[PDB]
Structure formats: C-alpha cells, structure tokens
Amino acid sequence: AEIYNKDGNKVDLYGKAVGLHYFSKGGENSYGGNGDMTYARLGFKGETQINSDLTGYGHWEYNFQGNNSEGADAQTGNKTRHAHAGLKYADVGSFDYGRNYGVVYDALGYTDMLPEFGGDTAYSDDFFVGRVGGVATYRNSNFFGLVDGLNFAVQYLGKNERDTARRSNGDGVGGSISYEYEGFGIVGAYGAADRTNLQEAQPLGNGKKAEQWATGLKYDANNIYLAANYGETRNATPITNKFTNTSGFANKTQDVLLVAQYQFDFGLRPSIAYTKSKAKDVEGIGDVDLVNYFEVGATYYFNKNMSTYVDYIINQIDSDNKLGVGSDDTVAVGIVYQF
Amino acid sequence: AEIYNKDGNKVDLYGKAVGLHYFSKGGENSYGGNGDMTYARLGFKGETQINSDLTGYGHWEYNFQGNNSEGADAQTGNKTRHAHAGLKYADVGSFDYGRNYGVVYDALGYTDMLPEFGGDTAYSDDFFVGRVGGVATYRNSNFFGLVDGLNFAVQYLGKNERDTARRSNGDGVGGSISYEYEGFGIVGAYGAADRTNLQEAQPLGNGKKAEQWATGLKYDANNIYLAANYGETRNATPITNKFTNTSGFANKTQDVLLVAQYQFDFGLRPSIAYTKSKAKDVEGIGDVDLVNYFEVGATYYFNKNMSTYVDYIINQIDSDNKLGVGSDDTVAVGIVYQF
Amino acid sequence: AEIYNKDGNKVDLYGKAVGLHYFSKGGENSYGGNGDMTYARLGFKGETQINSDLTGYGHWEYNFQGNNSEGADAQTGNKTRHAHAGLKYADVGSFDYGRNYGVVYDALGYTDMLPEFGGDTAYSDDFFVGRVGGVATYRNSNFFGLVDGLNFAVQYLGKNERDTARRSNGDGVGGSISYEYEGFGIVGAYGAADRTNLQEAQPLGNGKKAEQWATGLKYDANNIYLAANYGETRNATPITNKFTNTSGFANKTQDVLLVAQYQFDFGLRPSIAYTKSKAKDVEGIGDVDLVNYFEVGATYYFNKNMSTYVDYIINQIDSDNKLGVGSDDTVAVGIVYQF
Ligand SMILES: [Zn+2]
Ligand SMILES: [Zn+2]
Ligand SMILES: [Zn+2]
C-alpha cells in the first residue's frame, strides 16, 4: 500500500500476517515439522525519479515470527530478508548492492511458486541460489532496448566470513541470461565462488571452489503456470548427517523441480509439483537424496488481499535415508492477509 | 492512523512510544522492579471487504523495548504480541488463527484497565488467560443476530511444545459467553488443555490436565469504569520458588480482581483497584499468595494521542512470603505518545 | 514521509536502506573492519497540538542490520536507537523521557557530520556523549523568547545497572548552553554521574564519579560546513586492552574533532575531517591514543532521497599501539535510499 507519492518519489509500505499450521506424525521425522508456524512480514519499496533517464530505489523486508512465546525465545526466527538500494539507468541496466537473491535464483525461482513449500534448493546464505548478504548485481533488461524480452545479469558475491560454516561464503562472481517470448520464458544461470577455510575445514564437502548453475523454463499465460528447473552444485549445497550431527556441503547434487498450476477464475488455484535433489559422493555415505516428494496443493484467493491454502507434501524419502532426512508427509494449512 | 483505503481495503498502521520509569527501594524485592522501562510498539490492522457478507482481517503487533543498550542486550524484551488473520462472515460469526488472546481473557481482561499494571493473572503463553501462539478462535456476536448483546466464542488451543516448561502447552479447547446490557457486561469463560511431559516433569504442579475459568462483571457508562473478576486455575498458573530457584505451576489458585475508575471530562482519570491471587497446595509449601496489592493511580489524557500517568502499587505481600515474592511497593510514572 | 495529518496530529513514518561495504587488508587490524555493512532503519516522529501553547511528541527509531544471515545470527546488530516522548510548551521549553542523546552530544554532534564514520567519542550507553536509556531532558530554546538564538538544556541521567560494565551507568545530571548567531554556533556542555560498582570493579578506570564535558564551534552557511570540538572525560571513555582482553574506562581522555565540508550545488559534497582521542594514565600502560586519523570523503546527492558516498580513513594509529587498536586504513563505499 502506497503511503507517499510527491516530488516523483513513491514509497510502498507493505506487509502480511500469515496464520499457518503444519500437521505431521510424531514431527521429529516429518519433512516440514509439526506445529504452529504463524509469522508476519513488514517491508517498504521506495522509488525516486532522479531525472528523465535515472531512477533510484531501495527495498527492505523483515520476517517477524508469530509462533514464539513472549519470553526467552521471542526473537527466534526473525530475519532481514531484503536490504538493498540501487540505480536503474535508461537502457544501460541497473546496479544495486546489499542483501538480495543470487543470480542463480533468476532461473531457480521459476519453480518456487508453491503455496507454502517448494524451491528447497534455494537455500539462504548459500552463494547464488538464495538470499545472500553483500551482493553487487548489475541487471540489464531487453538487452539495451535493441532485443526485446532478452535480459541478463552479472553479480559479484562478496566475502561473507560468518562464524558459521553454513552461513559463510568467499569472493564470487555469477551471471544469468533469460528470454521471455509470448508466454514462455527460458533461463540459464551460473555462479562460482571461493570457499572459506572454515567451509573447507568441514568433514563433508571437498574443494576450494563452489559452483551453482541452473536452467529453467516456464509458461505463464491463459491462467496456467507451468515451470521446470534443473540445477547442479559442487560443494555448494548444505547437508547434515543426522546420525553423526555432521554439517558440510554435498560434493555434487543434481536438482530437478517441476510445477504445474491452473488459476480458476473464481479463486481456487490447484497446484501440482515435484522436487528431487540427490547428493553424490558424500563423505562416508556416497549418494543420498536430500529431498524427494510430490506436492498436491490448492490456494483460494478471495481477493488480492486475503487468501487461504492447503499444501500437501507426499514425501518419497524413505526411512532408510542415510543422512536421517525425514520420510513422513507434512500438510500445511494457512490463512493470509496482506496489503 | 489509516494509511490506505481503496478497493474496500483499509489498513491502519498504529504504534506508540512510552517513556516509563519504575521507582522502588533496593528493586530486588520490589513488586514491579526498579529503573527505566521505556518501550515502543508498532502494528497494523487490515480489513478487506471480500463481498457483502464476508470480510477478511489481519492483525500484527510488536513491542520494541527502549530501556536496553545498543550492544549485547539490545534485543532483550522484544516480542511479537499479536499475529493472526481471519474471516468475519455475516451473522454466523468469525474465525481466525495465529497468536492471539485466550478465551479466558474474554472475561479476564475486564479488570486489565490499570494505567501500567493490573491483570497479573493474564500470563502470556499460559493457555487461555493471555496471549498464546497457534489458537483457532471462533467468535459469534449477538448470537446470529437473534439475541442482541449476547456473544460467545470457542477456541482450540494447539500443542506448543517449546523448550521452556513455562512457555509450553498441549492440545486444548476453551470457550466463553458474555452478555452486555445497558452499560453492564457479565462474562463466563473456561478452558482445559493437556500438559506437556516437560510441564508434568516439574517439581511444582501435579496433573495431566490444566484448567482455567474466570467470571467477570463490568460497568462502562457515564464516565465510570468498574470491573470485578474471579478465576480459578488448576496446574495452570506459573510460579517460582525464589529460595530454591524452582519453577512449575500452582496446583490451584483463587484469583480476585477489582477495578474502579472515573474519567473526568477535562482529562484526569483516577484509578482504584485490588488484586489477590493465592496459590493452594504447592509442593513443599502448601498455600501461598502470588500477588496481593492495592493500586492507586491516575492518568491525564491531554487528547487521544498524548497522555501521562502515575501508578502506585501498595504491596500487601509480606516479607515472610515463602516463595520469595517481593513485598516492597512500586511507583510507575509514564509519558505516552500514540497514533 | 508523512502518513497522517488530521486533528492537528502529524505522524511522519521514515526509514532508509543503506547498501554499505568496508574495504581493508587482512580486517583484523583495520580501523573500521572489513566486509558487508548493509543495514536498514525504520522510525516515526509524531507531533500533536494539545492546545495553543502545548504540543506533545514521540520519536522511535530502529536499526535492522542487513549484513547478517537468515540463521543463527539474524538478530545481530539490531538495536533501538530512539525511544522517547515529551511536551513542548510555549516559551518555557520542553521535557521528554526515554532513550535519547546525552546533553554532551549537544556540543559533540557538531563534528559528527562525516559520511560514514566520525564522532568516535559519541559512544552509545556512555553517559552523556551518545544515546542512552532513561534520560529526562529539559531543553529551553531562545531563553524563554527573550534572548534569540540562545538555547540551553539540563538532563537527569537515571541509573542503568545493566549486566555489562560497558553499558551501565549510575545516577547523573548534565547540561549544555549554545548560541547560534548569523551562521555560527558555539556550544558548551558538561555532565557528571555516579559509577556502578561493576564499573568501579574494573581493572581499567579508577574513580567513584564519571565526568564528560565538550565545547564546540560550527559554521553552517553558504554551502560550507566547518566544525571543531574539544572534550575531556574522566573514567567515562570505554577502552579495551586487546593484548589482555581487559575492559574498563580511560582515567582521562583529551578529544579533538575537526570537520570541513563544502556542498556543491550539483550534488558532490567533499569532506575533510580529523579525529584524535588520546587516553592518559591508563592502568598498566599510562598514555595511549584511542583514535587518530585523517578522513577524506565525498557524498554525491542525486536528490533528497538517493545518495552515494565514499569515506576514506587515513589511520594515523601506529602498529606499536599498546591497547592493540587497529592501525590499518578503511574505505567505506555506500548507496543510500531514504524516505
Ligand atoms: Zn528486493
Ligand atoms: Zn488482534
Ligand atoms: Zn529523537
């Protein structure tokens, strides 16, 4: 909701409240857990007309969790998701710096359209696949105006040496190219980065360099949404050995994402998706599957502000999973207000 | 303050800044402590007209403390208080899920009108008496329109198995009935819930089931506010043995709340209240009083935005208190801006 | 950006997003560190016309850091900076209580005009030099209207006995006098406060009383900003022995701040500043320099919303520094959106 629009400066303050609950059995071995998952979000998107050819913009977004008590754990789960400012200039393109999605997410976010879950490979603080701190991203749209619907981007990932091996990264560079023609859109993205010595000093994952590339195809027209993603990572997908409490990254993963959705004119939006990410040559185990499930979901939009949804995950992970990944199903039911 | 009101969607962004200070002697043994208690709050209340008979709504509220440093403890005290969305439909009633007050608070919040203190029995994360996470609440007003001023509600309290015994709960169900006629209002509420094994594995409090019921009467007309509350709990009121640092819940409490206030036409709003909650059959001690005080207070409202207040607690707890509950008085002085 | 302005009540909701990066070598021994420093801020300033002569006001401000992950450390760096409400009455003056700047900052904030750094002596939770919790401040402007441009203030600093020795303080009183005539402004400020027993039970810093006074001169006209500050502290400047991990305060400091800036009409705003704070009679070491650097910086303002800057610190601290204070330079590059 727009709050100020004078001097060619618009500031849209937005947010939402999501009453959410996950249902599972026992949910220690659940895919997505069990219990109250209510949360809220707040943010703003500002845009200012510097001149005829230049425009400045800033974006912030925060996630306040609502499933926590008012005592010791009240702060659990709260996170800054977006924090970046930049300039959009003429037909040259755009540059921004701060916390933002990696360029691999340009192609990876194609199948991240599921009501509650989906995009399991878009980890936060995982180089290029998800939201990361300190990324300079140059994005050019319509290739300088000469070639319509043909966009690309290049990103410089800065060294983020956090105390955690999982949330750390080194210096990197990535890019993506997309092409959106008559309903369709096909994307390729790639990124490489140095690994921190803490990352390298881990039992799982061997290498002095991380790689993430992903390709995507989507159809978005005539009330149909259909997407497909394929990605491979090298020492860049976080894993955890449940049996030995061992962290680290998978030496290699092959990731497949599918989504098919039709939005009814009266509100109901059923969803069919599939997700399978299998690791290869993990230390002590070899090949394992990180995620494998079929999703059946539906969202009912009353209007643009209010909606409810159900998201059913039919977990195809087996109870023989060597990494101790959960094998049980998870059903998510939510009611969402947003502005 | 309303920020957007188009397409039959209103979003009221509100908040306040409260400069607050508690005065006490020594305040280790104070009732309410001693020192700076400044805090701020932010929230929004959105409401959308889905159709002629249906309306969606979301509410979020947060408490940013202002008495903390900018260093290590900057996050202390911050909490999400409200986070819930729901639908109000026609004369059927309303349903919402998220973090919200329990149904016992329907009758308990009658005497929670004191400037700074009061409602000492409305503990957060305490089943039905205060704000709790993951509550589905169906509330019906004017009994389907047939019987005016006669409202009731039913709530399903979901399992919240936090790491803390104090902030945890099991599966529960509660309800309330109220009747508001010509200035008056009388309420009865009740709720029961399973206790977690962590709760059950506590020195203080014995039982595999928690109970909380409360009745209330208020008069709110002719610039007079007068309220009375009586409540009983079973294994559902948090206690702490100061001498042995022992947590747990009181096996039984009998809780009495009284409030009398008159709002002068020119701003001053004196307050007279009384609070006594005594525990029974506590392990190792037996009967003890959790709170016992007389309150003398006054708030001066300049207008609807600005106000100051003084709240004096005349603590009737004695220095022989077996649980080590404080016996000293506490004076609260505050200055409040809100929008 | 103003969001509501009815019934003589204006509420300005403001904030910013700052993409920021510090560059250094190795930055363990850097002056300002090394890596992503992106952050965002949110706040509101409300003002209500109580009557013809009286006005109420509240101010809140928060700093959400953007350089943190979405995991364990997501909350790191977040702090409430402002939280205070008060009354401005006629020509008598103003009173407010809450978290706010100390009165020494009245004169100290003269040289705190640098793009990213500067005002190194305005520590938070350090009595009167920076932002502190629980301060009652009476400020009078134009000396009751009789003497134009002649302002003064008196502040009562309340006991803040935090668990940290660094973030604690005792009872204190401070004041300031300023005089702003035809572009110029000259200020004197002083404050004294009791030290906590925790503060007194520290290896570094000896005394049962803290002192902070500072004088200032600024010229702010004809697109020129030039400021000079001198301050002395007694047991009131936080120090840390890097070699022995020893905290405490400097027995005495002499602090010098200089700033010279010219704002070009087309946007560029170069900056020249100097900062030197040397400690005296520190336990085990004697005299040391806390900070010593020359700054060369420039900010380019596109408009009132958007800007970028570079801030170069030429660190004059030497690698023989007895306290282990960093000797390397630090370059800060930032891009800022605000509303
Ligand atoms: Zn963004
Ligand atoms: Zn609510
Ligand atoms: Zn302020």
State all residues of the range C:145-160 that are farther than 19 Å from C:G188 by Cα and away from chain B (no Cβ under 14 Å); if no residue qualifies, say none. C:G145, C:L146
Quick one: would you say C:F95 is within 14 Å of ligand 3 (Cβ to nearest atom), surrounded by fewer than 23 Cβ atoms within 10 Å (Cβ to Cβ), of a type in the set (A, V, I, L, M, F, W, C) and over 16 Å from the mean Cα position of the chain (by Cα)? yes
Looking at the structure I just gave you, is A:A90 among the aliphatic types (A, V, I, L, M), more than 9 Å from chain C (Cβ to nearest Cβ) and within 29 Å of C:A1 (Cα to Cα)? yes
Any residue at all in the range A:127-135 that is within 14 Å of another protein chain (Cβ to nearest Cβ), away from ligand 1 (no atom under 14 Å from the Cβ) and touching a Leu at 6+ places or on another chain (Cβ under 7 Å)? yes
Just for the range A:269-285: of the residues that are of a type outside the set (V, I, T) and more than 24 Å from the chain's Cα centre (by Cα), which one is farthest from A:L258 (Cα to Cα)? A:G284
Could you identify the single residue in C:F128, C:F152, C:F143 that is within 16 Å of ligand 3 (Cβ to nearest atom), farther than 30 Å from C:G267 by Cα and either surrounded by fewer than 19 Cβ atoms within 10 Å (Cβ to Cβ) or not hydroxyl-bearing (S, T, Y) (or both)? C:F128
Output the residue which, of all residues in the range A:1-16 that are out of contact with any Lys or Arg (no Cβ under 8 Å at 6 or more places or on another chain) and facing chain B (nearest Cβ under 10 Å), is surrounded by the fewest Cβ atoms within 10 Å (Cβ to Cβ). A:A1
Checked the range A:232-268 for anything in contact with a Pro (Cβ under 7 Å, 6 or more places away or on another chain) and within 15 Å of A:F127 (Cα to Cα); matches are A:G248, A:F249
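Looking only at the range A:161-191, which residues are within 14 Å of chain C (Cβ to nearest Cβ) and not hydroxyl-bearing (S, T, Y)? Steps first, please.
Let us first name the residues in the range A:161-191 that are within 14 Å of chain C (Cβ to nearest Cβ), namely A:161-172.
Within the range A:161-191, A:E161, A:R162, A:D163, A:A165, A:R166, A:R167, A:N169, A:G170, A:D171, A:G172 meet the criteria.
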Counted residues in the range A:44-81 being over 22 Å from C:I3 (Cα atoms), within 12 Å of ligand 1 (Cβ to nearest atom) and crowded, with 22+ Cβ neighbours inside 10 Å come to 1
Is it true that C:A298 is under 29 Å from A:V135 (Cβ atoms), within 14 Å of another protein chain (Cβ to nearest Cβ) and of a type in the set (G, A, S)? no
Between B:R195, B:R167, which is basic (K, R) and touching a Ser or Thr at 6+ places or on another chain (Cβ under 7 Å)? B:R167
Hey, among the residues in the range A:38-87 that are away from chain C (no Cβ under 11 Å) and among the acidic types (D, E), which one's nearest to ligand 3 (Cβ to nearest atom)? A:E70
Collect the residues in the range A:282-339 that are under 30 Å from B:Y89 (Cβ atoms) and assigned to a loop (DSSP other than H, G, I, E, B), keeping them in residue-number order. A:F302, A:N303, A:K304, A:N305, A:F339
Does C:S124 fit the bill of being within 14 Å of chain B (Cβ to nearest Cβ) and part of a loop (DSSP other than H, G, I, E, B)? yes
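Quick one: which of C:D148, C:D163, C:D194 is of a type in the set (D, E, K, R) and closer than 28 Å to C:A260 by Cβ?
After applying the criteria, what remains is C:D148.
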Kindly establish whether B:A107 is away from ligand 3 (no atom under 16 Å from the Cβ), within 12 Å of chain A (Cβ to nearest Cβ) and buried (at least 22 other Cβ atoms within 10 Å of the Cβ). no
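Every number here is computed from the coordinates shown, using simple stated rules; none is lab data. As a convention, Cβ positions derive from the backbone with ideal geometry for all residues, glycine included, and neighbour counts pool all protein chains shown.
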